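A short worksheet on the structure shown next.
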Amino acid sequence: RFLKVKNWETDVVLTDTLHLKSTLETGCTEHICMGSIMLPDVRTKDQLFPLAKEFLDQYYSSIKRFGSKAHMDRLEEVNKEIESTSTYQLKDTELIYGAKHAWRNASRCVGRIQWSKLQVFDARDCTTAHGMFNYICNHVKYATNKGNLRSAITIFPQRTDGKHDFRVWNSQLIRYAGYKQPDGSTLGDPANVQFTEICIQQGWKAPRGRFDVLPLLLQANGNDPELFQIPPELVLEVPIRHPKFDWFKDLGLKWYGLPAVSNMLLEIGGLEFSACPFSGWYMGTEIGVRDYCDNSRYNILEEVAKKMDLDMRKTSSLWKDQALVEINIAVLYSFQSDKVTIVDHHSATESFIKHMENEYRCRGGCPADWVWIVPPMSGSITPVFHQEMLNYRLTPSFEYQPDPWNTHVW
Amino acid sequence: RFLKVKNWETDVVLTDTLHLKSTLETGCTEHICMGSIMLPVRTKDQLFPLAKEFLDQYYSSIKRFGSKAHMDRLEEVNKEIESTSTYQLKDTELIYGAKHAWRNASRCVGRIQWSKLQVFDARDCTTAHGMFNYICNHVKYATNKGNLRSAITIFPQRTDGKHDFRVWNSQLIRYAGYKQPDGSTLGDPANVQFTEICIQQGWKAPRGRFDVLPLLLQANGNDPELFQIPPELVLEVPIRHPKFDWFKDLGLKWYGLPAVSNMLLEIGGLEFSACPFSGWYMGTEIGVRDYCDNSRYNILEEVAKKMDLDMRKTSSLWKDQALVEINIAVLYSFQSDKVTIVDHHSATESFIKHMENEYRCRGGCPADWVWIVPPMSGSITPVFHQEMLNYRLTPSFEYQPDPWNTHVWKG
Ligand code: HEM
Ligand code: HEM
Ligand SMILES: CN[C@H](C)Cc1cc(C#N)cc(OCc2ccc3c(C)cc(N)nc3c2)c1
Ligand SMILES: CN[C@H](C)Cc1cc(C#N)cc(OCc2ccc3c(C)cc(N)nc3c2)c1
Ligand SMILES: C[C@H](O)[C@H](O)[C@H]1CNc2nc(N)[nH]c(=O)c2N1
Ligand SMILES: C[C@H](O)[C@H](O)[C@H]1CNc2nc(N)[nH]c(=O)c2N1
Ligand SMILES: [Zn+2]
């Protein structure tokens with residue numbers, strides 16, 4: 001019940017007790033492990049208060065005022081507001097805490113060593129899509145910082161009862177368009193083909209390129225969503241060149257500097273924030289391995305190897321592997337050359353082990369999802385591969401939520 | 001209950017019902033997943049239900065469920081248990097059992113081959129010398145001059161746990177590891193502890209970088225004995241690179257036959273503590289883990305140096321570049337010498353086909369993503385995007401403690 005994890009490269013053994021504070025369930029059972037599954041109605045008054053108490057209890061513990069008048073007062077104060085208004089509002093301090101700890105508890109995020117340096121933008125006074133646009137432009141500009149990226153989250157008003165949901169329909173704030181083409185294949189980004197279309201099907205005029213920055217589709221208070229174009233001057237992009245292959249430039253690749261995920265739900269003390277775009281900076285493999293080389297994406301492997309004139313006749317020449325590496329060397333080279341923040345998978349995984357040992361030390365553990373933490377290339381030469389991890393759900397948290405167009409009462 | 005898995009690259013969805021036949025536990029609860037944890041004396045009482053379920057499975061597979069042959073065999077096993085407190089498997093049952101232990105191995109990417117296992121019945125074996133003979137024949141048969149063939153050799157089952165047959169080697173063929181006084185390691189760091197035991201037991205070590213370890217064999221609970229595998233039975237492959245002429249000068253080689261010998265085979269409640277089995281290598285086993293793991297031969301740096309890479313910053317990905325070349329060389333050397341090997345692209349593709357086929361005919365295929373995804377280039381192999389369900393079916397291969405931690409020494 002007081003579990004241990006071993007690192008098999010170093011024989012370091014850490015002891016986990018934090019998992020006992022877990023509440024939400026994993027999807028696994030005694031007879032079956034679902035650890036590789038991608039994805040395994042309002043809160044009532046009786047539902048909401050224990051959730052609020054749990055949260056305030058951990059908040060006042062964290063500021064070392066557990067069992068204080070201030071604690072008991074605030075407990076009292078929220079309990080009465082709940083029975084009154086059937087919901088409650090967080091103080092700014094608790095909002096910031098809640099957001100930082102939702103990143104802290106994100107068992108799938110390799111970048112959590114940075115979790116306490118999160119910039120939190122309170123957008124709970126927002127009322128309109130135009131308002132949302134303004135807040136999102138300010139987020140983008142602040143986070144980008146002329147290439148010196150800074151972590152940030154912007155939090156819009158909380159769900160009241162599903163009727164007045166704030167939603168960012170984009171999956172990220174900045175992403176390239178994906179177009180069906182009569183020929184057969186797909187121009188731009190295949191992952192975004194449906195959304196690219198819903199934009200047009202809403203009224204967007206597409207330049208029909210391969211790297212068209214998508215418009216924002218913003219939903220305030222549950223109204224029909226609205227199209228907004230991000231000022232191009234706010235969208236930092238990196239031309240992709242290779243430090244030894246001149247011909248790499250001629251492939252015509254670029255990517256954006258700011259990874260800003262915008263379709264998730266932030267849960268704090270029972271309250272649900274359906275619109276909460278957050279952003280950090282990229283690990284190189286996210287772009288070079290997944291975005292460029294997933295067959296379901298830009299899938300440029302064949303073309304790169306072709307230009308390297310590798311032997312593509314058989315898989316055992318490992319031409320895919322060889323090209324995959326060059327591609328990722330190039331992504332890192334390009335961002336670094338342009339002084340845009342990026343981290344390689346060796347550096348980030350090493351940072352994460354240090355973060356793990358930190359969390360075990362000062363917190364008694366660190367929920368971690370091996371299947372997502374291990375990078376998508378060169379797994380076993382990174383230190384997290386040989387690191388046993390325990391995965392469990394802590395709150396406050398980031399949660400998945402349905403795509404709006406499947407739900408929204410049009 | 002029905003359970004679905006999605007391949008996110010192909011949007012193919014499969015439905016698992018086989019998990020319902022799962023008996024053993026995973027280590028996971030509804031509040032904690034132990035999916036990345038490496039590891040998460042039996043009486044007459046619990047044995048007959050274990051036997052019955054096995055025999056029910058066996059006779060279903062041969063389409064004779066509920067037949068007189070089925071019921072008589074049940075009765076026969078029952079009486080033998082009540083009388084002798086254990087029982088013996090028919091040859092047919094053993095063969096079925098061993099194949100299905102492999103079929104059930106959720107961490108094995110090579111299971112498309114499970115039905116083609118060559119099973120050697122060594123249950124008449126009584127001494128260490130006899131064990132050595134059986135194992136030599138296994139090695140010769142399996143190796144087949146480079147044309148590798150899957151095989152398992154099954155020694156007598158546990159009885160009171162005081163008379164175990166054990167192979168003390170983790171694999172039949174492995175290289176020795178020597179700790180030096182200056183803290184360096186000569187050979188395979190993975191085998192320093194076992195090497196030391198051998199030496200204590202009287203092995204005269206050559207003390208080179210690639211010394212094939214002797215067999216340390218334990219029969220019927222007696223003290224283990226040392227034997228040397230005849231060198232002409234040990235097929236080795238010098239490693240060279242197709243474009244890099246300096247690569248051969250690193251002086252590396254590896255053996256052709258992977259043969260795991262420290263696992264326990266469970267069939268119908270019976271425990272076979274010595275059951276060495278072998279197939280053939282996936283390249284990355286050697287080229288990624290054996291050569292490039294920091295706790296192994298760890299040749300990444302030397303290879304990178306000779307490629308003249310930027311080894312200053314890690315973001316130059318000199319490690320990733322060196323790793324690919326080392327793995328190219330491993331595949332190149334084996335194919336050139338006509339020794340059976342499979343690259344991780346071919347193997348993972350085959351496994352997906354196998355997995356789909358298994359859902360169709362069997363209602364599921366238990367699979368451990370953490371182990372199935374290759375240790376390099378994960379997401380450009382099709383298993384990365386494949387959701388999987390992990391559960392435990394019997395017959396099965398299980399882990400067991402190293403014998404030198406449990407053995408009672410005779411003298
Ligand atoms: C600052 C540097 C950061 C790095 C390098 C980083 C890196 C990563 C990576 C590589 C993944 C794997 C996901 C994928 O492959 O698509 C991930 C997942 C995730 N990250 Fe981080 N991240 C960073 C910052 C943040 C921040 C600021 C937040 C929120 C405040 C966050 C929250 C998450 C969440 C919730 C997931 C998993 C979501 C899911 O279940 O799919 N990350 N991160
Ligand atoms: C014939 C070609 C085969 C290939 C290419 C293959 C491949 C692999 C690989 C790559 C692993 C991961 C192990 C690691 O990375 O340390 C594995 C695990 C495993 N294999 Fe296979 N294998 C083959 C044949 C067999 C046979 C013949 C058996 C048994 C009769 C078997 C039983 C197992 C078991 C029980 C494991 C799990 C070991 C553990 O849990 O630690 N395999 N296999
Ligand atoms: C094709 N695979 C899909 C896109 C998996 C995924 C789904 C969702 C959602 N909803 C959200 C996801 O976000 C992962 C994530 C979230 C935040 C990140 C930040 C802030 C930085 C960064 N470098 N990577 C992130 C990665 C991922
Ligand atoms: C340092 N990591 C350790 C060695 C993991 C491991 C432990 C054990 C045991 N006991 C058994 C193991 O077996 C894996 C295995 C088993 C059989 C294989 C066969 C038959 C062929 C092949 N190519 N690889 C195998 C790989 C692995
Ligand atoms: C900690 C982690 O579970 C451990 O290092 C596992 C991960 N996956 C693996 N996968 C394979 N094929 N072989 C291994 O030895 C391991 N080791
Ligand atoms: C099927 C599998 O769960 C799926 O492909 C997962 C595997 N691991 C991952 N790991 C990361 N970091 N990101 C991902 O999208 C995925 N996808
Ligand atoms: Zn699990």
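Below, chains carry the letters A, B, ... as their sequence lines are ordered, and counting in each starts from 1. For the numbers below, each heavy atom of this structure counts, side chains included, while hydrogens, waters and symmetry mates do not.
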Would you find more than 12 non-hydrogen atoms of other residues, nucleotides or ligands less than 6.0 Å from [X] atom [atom1]?
X        : atom1 : answer
A:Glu303 : CD    : no
B:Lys21  : NZ    : no
B:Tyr399 : OH    : yes
A:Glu25  : CD    : no

Let's test your reading of the structure: which of [options] forms the most heavy-atom pairs below 4.5 Å with chain B?
options                              : answer
A:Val343, A:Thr29, A:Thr285          : A:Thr29
A:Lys6, A:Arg290, A:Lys320           : A:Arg290
A:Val5, A:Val374, A:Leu390, A:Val289 : A:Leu390

Which one of [options] has the most heavy-atom pairs closer than 4.5 Å to chain A?
options                                : value
B:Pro382, B:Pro242, B:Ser22            : B:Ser22
B:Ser106, B:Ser316, B:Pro375, B:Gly27  : B:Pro375
B:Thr381, B:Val324, B:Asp320, B:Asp368 : B:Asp320

Report the distance from atom [atom1] of [X] to atom [atom2] of [Y], rounding to the nearest 0.5 Å.
X        : Y        : atom1 : atom2 : answer
B:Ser295 : A:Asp11  : OG    : CG    : 9.0 Å
B:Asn327 : A:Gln322 : CG    : CD    : 11.0 Å
A:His19  : B:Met34  : NE2   : CE    : 9.5 Å

Do you know which two heavy atoms are closest between A:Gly35 and B:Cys33, and how far apart they sit?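 Heavy-atom minimum between the residues: CA-SG, 4.1 Å.
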Run the side-chain contact (heavy atoms from CB on, under 4.5 Å) test on B:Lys313 and A:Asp344 for me, step by step, so that the C-alpha distance in whole Å, both residues' side-chain angles and the decisive distance to 0.1 Å come before the verdict. CA-CA 10 Å; B:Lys313 52 189 179 191; A:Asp344 67 79; over 6 Å; no
Need one label for [X]: side chain, backbone, both or neither, based on atoms under 4.5 Å from any heavy atom in chain A.
X        : value
B:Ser377 : both
B:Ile372 : neither
B:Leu300 : side chain
B:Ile328 : both
B:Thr23  : backbone

Under 4.5 Å between any side-chain heavy atoms of [X] and [Y], yes or no?
X        : Y        : value
A:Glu350 : B:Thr314 : no
B:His31  : A:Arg393 : no
B:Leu317 : A:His346 : yes
A:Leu3   : B:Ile32  : yes

One pair to check against side-chain contact (heavy atoms from CB on, under 4.5 Å): A:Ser316 and B:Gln335. What are the steps and the verdict? CA-CA 10 Å; A:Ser316 54; B:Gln335 291 159 227; 3.5 Å; yes
Check each atom of A:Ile37 against the heavy atoms of chain B and say whether the ones under 4.5 Å are side chain, backbone, both or neither.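 Both parts, heavy atoms under 4.5 Å.
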Please confirm whether the backbone N or O of [Y] pairs with a side-chain atom of [X], one donor and one acceptor, at under 3.5 Å?
X       : Y        : result
B:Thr26 : A:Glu30  : yes
A:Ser36 : B:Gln386 : no
B:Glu9  : A:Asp294 : no

Is the closest side-chain donor-acceptor distance between A:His386 and B:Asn294 under 3.5 Å?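 Per modelled atom types, A:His386 and B:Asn294 side chains form no pair under 3.5 Å.
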